[PDB]
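The structure appears right after this line, and notes come after that.
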Amino acid sequence: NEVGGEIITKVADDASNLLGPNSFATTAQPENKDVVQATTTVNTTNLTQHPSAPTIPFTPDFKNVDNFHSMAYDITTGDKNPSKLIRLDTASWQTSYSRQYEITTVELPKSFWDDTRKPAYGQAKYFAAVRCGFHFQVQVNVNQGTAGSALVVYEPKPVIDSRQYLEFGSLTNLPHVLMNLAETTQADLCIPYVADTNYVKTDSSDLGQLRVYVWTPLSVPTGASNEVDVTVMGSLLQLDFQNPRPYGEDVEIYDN
Amino acid sequence: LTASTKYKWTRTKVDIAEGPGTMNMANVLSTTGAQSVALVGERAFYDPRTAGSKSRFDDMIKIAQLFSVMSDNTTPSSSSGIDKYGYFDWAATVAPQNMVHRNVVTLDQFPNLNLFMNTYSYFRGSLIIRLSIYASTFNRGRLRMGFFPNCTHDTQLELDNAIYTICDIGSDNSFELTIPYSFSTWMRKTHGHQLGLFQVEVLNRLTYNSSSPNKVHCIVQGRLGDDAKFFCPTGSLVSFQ
Amino acid sequence: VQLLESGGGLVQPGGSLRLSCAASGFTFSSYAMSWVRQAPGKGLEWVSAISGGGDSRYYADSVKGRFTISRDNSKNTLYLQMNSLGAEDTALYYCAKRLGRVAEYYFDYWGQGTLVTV
Amino acid sequence: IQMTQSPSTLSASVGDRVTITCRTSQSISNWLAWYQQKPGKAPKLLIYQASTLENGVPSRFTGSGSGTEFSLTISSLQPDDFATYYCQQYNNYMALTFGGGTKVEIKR
Amino acid sequence: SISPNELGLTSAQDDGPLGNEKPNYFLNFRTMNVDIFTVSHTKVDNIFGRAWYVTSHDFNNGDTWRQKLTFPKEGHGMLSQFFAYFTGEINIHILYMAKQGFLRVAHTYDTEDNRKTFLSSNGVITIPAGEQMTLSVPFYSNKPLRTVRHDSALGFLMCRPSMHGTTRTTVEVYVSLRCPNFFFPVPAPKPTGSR
RNA sequence: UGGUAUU
């Protein structure tokens with residue numbers, strides 16, 4: 001009864017003298033009301049049917065930003081750290097390599113987080129599916145007085161499969177950078193997500209590869225360098241891991 | 001007076017033209033009208049962003065307008081460039097007015113245009129030959145690539161009357177030579193008479209010092225112009241793998 | 001449910017016998033049947049399967065274009081017209097029945113087999 | 001395609017946990033099945049759909065795995081679990097195939 | 001004004017985004033562009049609107065014929081080999097040559113070869129004996145893009161004849177694509193032989 | 001409605 005208290009009070013105010021009521025009463029719903037709480041975070045619901053009141057410290061400040069900037073980087077660092085410029089591969093280019101020799105080959109999704117040293121390795125273990133756009137910088141440095149060029153081609157997954165049946169002369173139908181080493185020492189090449197499915201598996205080469213072929217052999221003079229390194233740096237323009245999985249599990253997200 | 005009480009109403013009678021149930025599958029307007037086996041006759045929403053594009057490729061002539069190496073090889077020409085391979089080398093021992101390359105340019109030497117000579121019967125359009133000389137920064141030479149259109153006389157000819165370009169190696173190392181559409185009809189065959197006689201003569205030999213190569217590599221690669229057209233689809237002459 | 005094949009024997013190379021497999025104890029026409037063979041002391045190669053209506057026949061590559069699995073739902077008998085036999089067709093031929101509620105082929109009940117010697 | 005089993009002969013005592021593995025070339029999405037065949041008798045279906053148990057099959061048998069790595073496990077051998085075990089598969093192509101067999105025999 | 005780059009002095013490394021080209025000028029000539037037909041024959045819709053022979057098959061019995069369709073490497077169809085992906089409707093043209101019977105054509109992109117057991121639910125077109133029919137197949141594929149190089153790029157074709165006796169009947173298939181969406185250019189394939 | 005094809 002919610003009127004139970006207010007009948008005792010009325011009775012006591014009808015019996016009151018000059019010293020006021022001798023009794024008082026109030027009825028109300030308990031301070032341990034029957035309610036259900038539900039909390040959700042990312043991929044997580046927590047249905048509690050007997051919650052307690054949640055507590056917080058004395059006058060708390062839940063802004064987590066440091067006002068003195070003891071780590072003076074943007075707070076977005078650590079969420080944008082799995083997409084920084086990393087060294088994907090490195091090879092050597094002998095002066096005896098012919099005119100269609102394949103120098104490097106970088107398995108595109110998996111080579112961004114294939115090893116612990118790559119800072120996107122940690123995030124890549126918890127997701128099975130990815131969709132991402134790359135930025136490559138292939139760097140080849142030679143001294144002045146050495147000729148030869150290279151072809152930096154982005155071959156997508158269908159081209160990897162059928163590469164043996166293709167003409168090398170029309171290999172520049174793909175997003176390429178034909179780089180004369182006497183001039184440039186770096187070929188930039190932005191590649192978007194190119195696949196036949198919306199997402200690829202993380203641990204796969206299913207966004208093709210980024211090969212580096214010899215366009216014309218090194219024409220070195222006597223008493224000059226013979227080997228020339230070819231480094232491939234990559235950076236993800238956008239990264240979008242999606243399917244949660246057990247740590248480093250091989251989860252197939254394709255239909256056979 | 002009388003209306004449809006004058007004549008007995010009958011449904012319309014039409015005559016049927018020659019060859020009913022003949023399948024014309026040579027005309028695009030005959031095949032776009034085909035009955036659908038779709039459940040409601042509906043169409044799908046396509047996704048071009050999965051292929052990393054904002055739109056579909058809508059004209060094949062844009063692939064004819066991409067450079068492709070004229071007869072690729074894995075080793076430079078050993079005939080002194082007097083062969084079809086558009087990957088010759090220019091030594092410094094080649095004296096002026098000596099060819100470093102010379103071949104009668106056919107349309108099937110370029111791998112991109114090898115598929116349009118096996119798909120289309122006729123074509124018209126200019127040919128852009130590009131000659132990229134891969135020399136170092138200390139080399140200094142001068143080539144003169146000329147083109148005699150519709151000339152199949154494969155011997156050393158003076159290029160003074162040709163459609164030539166004088167190439168000076170420096171920091172821009174790719175020299176385009178536009179050859180206009182030249183033929184006696186409005187569209188020539190793609191597998192007929194050869195396009196002409198391309199030749200690359202040395203004009204001023206290739207100089208070098210102790211810190212630079214005495215022999216640089218060249219890559220000839222061509223495409224068709226922005227006025228290129230291919231007409232009349234026809235059968236292939238070779239299959240592809 | 002009990003399948004009983006019959007028709008095994010001895011034939012000369014390039015022969016042509018036809019195994020039968022009278023079936024009882026179940027509604028025959030609502031299940032696919034197969035003929036899986038077992039060459040002496042080894043494996044279990046699957047020769048061919050026929051769907052319940054008989055409107056789809058599948059053959060293994062080894063016996064394809066030679067054998068012809070048929071069925072005659074009326075008299076509950078599955079056939080295996082084998083032509084141009086080799087010495088690789090010397091096996092015990094079991095007549096398996098397809099499993100119940102599943103969208104895949106798994107062999108439920110099996111016969112006792114009929115030897116074929118070539 | 002062809003799937004190869006891992007042991008071709010297992011020898012174990014009555015009460016041991018034996019594991020026969022079957023490994024396919026390309027993924028089949030749980031579409032495997034295990035057979036027991038006593039010598040001179042016709043095969044008996046044990047485990048269909050990679051882990052489901054056919055009726056009247058002991059609970060010793062327990063198949064697992066999906067994709068390209070299936071395994072039949074007998075928790076404790078009994079004297080009637082000495083037989084040959086084949087793994088038939090189903091795939092899209094309808095190219096049903098069986099394993100090589102895995103003879104499980106007495107360890108004397 | 002005309003710069004020296006428009007007289008043909010370029011660097012191949014200074015080619016920016018792919019498929020960006022400019023014409024060069026000589027004193028006495030420049031690009032012409034002459035139309036000698038009222039429509040283009042290199043427009044993508046137009047060129048693949050014409051059909052091309054795929055396969056022929058003799059039906060000596062009533063069994064369903066599953067044929068995986070793919071882009072050809074001969075004919076005029078092979079210009080699709082310049083692309084990696086494809087989305088679109090495809091027309092199938094079937095010439096059923098029989099004395100009696102009907103041919104039940106159906107198309108699916110489903111790789112499971114056990115969904116043709118009850119063929120009716122894939123959408124059947126019955127072609128009378130001795131007739132031919134063009135059916136337009138919609139893009140009912142799980143993948144949003146078909147790989148051109150795949151052997152079953154254009155899905156599968158199921159034809160089950162309503163045989164009269166065991167009298168054989170033949171069927172020639174020709175494919176063509178109505179409004180194809182082709183993406184991402186790839187290298188030209190090399191002619192047969194070569195190596 | 002001879003709206004006696006439909007309306």
Side-chain angles (χ1 to χ4, degrees), chain A residues 95 97-101 131-134 142-151 154 156-158 162 164-176 178-184 190-200 207 213-224 237, chain B residues 47-54 62-63 65-76 85-91 109-115 130 132-139 169-174 206 208-223 240-241:
Chain A
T95 194
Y97 293 169
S98 302
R99 192 247 159 182
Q100 303 187 355
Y101 188 92
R131 201 177 207 266
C132 45
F134 312 97
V142 300
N143 54 274
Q144 292 192 253
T146 290
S149 51
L151 172 65
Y154 164 54
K157 171 67 181 303
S162 60
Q164 62 199 271
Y165 304 120
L166 303 175
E167 294 275 56
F168 185 83
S170 54
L171 217 74
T172 57
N173 290 1
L174 293 166
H176 66 114
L178 173 43
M179 53 182 300
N180 176 208
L181 305 185
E183 295 304 301
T184 49
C190 298
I191 295 305
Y193 179 81
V194 177
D196 60 348
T197 46
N198 297 91
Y199 287 76
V200 287
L207 291 173
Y213 292 100
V214 177
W215 189 252
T216 42
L218 299 177
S219 304
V220 301
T222 302
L237 293 167
Chain B
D47 197 349
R49 180 179 294 171
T50 299
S53 303
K54 300 284 66 168
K62 297 181 182 180
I63 305 196
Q65 293 170 7
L66 295 177
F67 286 107
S68 55
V69 182
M70 182 200 287
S71 299
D72 59 353
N73 202 2
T74 316
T75 43
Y85 308 108
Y87 169 35
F88 59 94
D89 53 16
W90 176 19
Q109 296 181 0
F110 309 94
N112 279 352
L113 306 176
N114 190 19
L115 274 73
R130 194 157 71 175
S132 302
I133 307 175
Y134 294 101
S136 68
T137 41
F138 301 165
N139 293 132
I169 57 177
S171 54
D172 278 359
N173 74 312
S174 309
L206 178 74
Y208 60 98
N209 52 24
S210 297
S211 304
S212 51
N214 61 0
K215 185 170 68 174
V216 299
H217 294 299
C218 301
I219 295 291
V220 188
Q221 55 185 342
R223 58 179 178 103
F240 285 78
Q241 56 184 248

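Each chain gets a letter, A, B and so on, in the order the sequences are listed, and its residues count up from 1.
The contact between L178(A) and chain B is made entirely by side chain atoms (from C-beta outward), counting heavy-atom distances below 4.5 Å. In this structure, no portion of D89(B) lies under 4.5 Å from any heavy atom of chain A. Looking at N143(A), neither its backbone nor its side chain comes within 4.5 Å of chain B, counting heavy atoms on both sides. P217(A) touches chain B through backbone and side chain together, each having a heavy atom under 4.5 Å away. Both the backbone and the side chain of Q241(B) come within contact range of chain A, judged by heavy atoms closer than 4.5 Å. Only the backbone of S210(B) has a heavy atom closer than 4.5 Å to any heavy atom of chain A. Looking at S171(B), the atoms closer than 4.5 Å to chain A (heavy atoms on both sides) sit in the backbone and in the side chain alike.
For the set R49(B), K215(B), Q221(B), the entry with the most heavy-atom pairs within less than 4.5 Å of chain A is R49(B). In terms of heavy-atom pairs under 4.5 Å with chain B, the best-connected choice from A224(A), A147(A), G145(A) is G145(A). Note: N112(B) leads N114(B), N112(B), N139(B), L66(B) in heavy-atom pairs under 4.5 Å with chain A. Highest contact tally toward chain B, considering only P192(A), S170(A), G133(A), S162(A), is held by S170(A) [criterion: heavy-atom pairs under 4.5 Å].
Within 6.0 Å of the OH atom in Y85(B), the count of heavy atoms belonging to other residues, nucleotides or ligands does not exceed 12. Annotation for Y97(A): atom OH counts as buried by contact number, over 12 foreign heavy atoms lying within 6.0 Å. Other residues, nucleotides and ligands contribute more than 12 heavy atoms inside 6.0 Å of the OH atom of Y193(A).
In this structure, CG on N180(A) lies 7.5 Å from OG on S174(B), to the nearest 0.5 angstrom. Taking CG from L218(A) and NE2 from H217(B), the interatomic distance works out to 9.0 Å, rounded to the nearest 0.5 Å. Between the CG atom in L166(A) and the CZ atom in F240(B) there is a gap of 12.0 Å [rounded to 0.5 Å].
For the pair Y87(B) and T216(A), the minimum side-chain heavy-atom distance is below 4.5 Å. Side chains of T137(B) and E183(A) form a contact here, defined as non-hydrogen atoms less than 4.5 Å apart. Inter-residue side-chain proximity for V69(B) and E167(A) is flagged as unmet; no heavy-atom pair is nearer than 4.5 Å.
Pairing each heavy atom of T50(B) with each of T197(A), the nearest pair is CG2-O, 3.2 Å. Taking every heavy atom of both residues into account, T172(A) and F67(B) meet most closely at OG1-O, 3.3 Å. A pairwise comparison of heavy atoms in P213(B) and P221(A) identifies N-CB, 4.2 Å as the closest pair. Of all the heavy atoms in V194(A) and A51(B), the pair that sits closest is CG2-O, 3.5 Å.
Without hydrogens or angle criteria, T74(B) side chain to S98(A) main chain gives no donor-acceptor distance under 3.5 Å.
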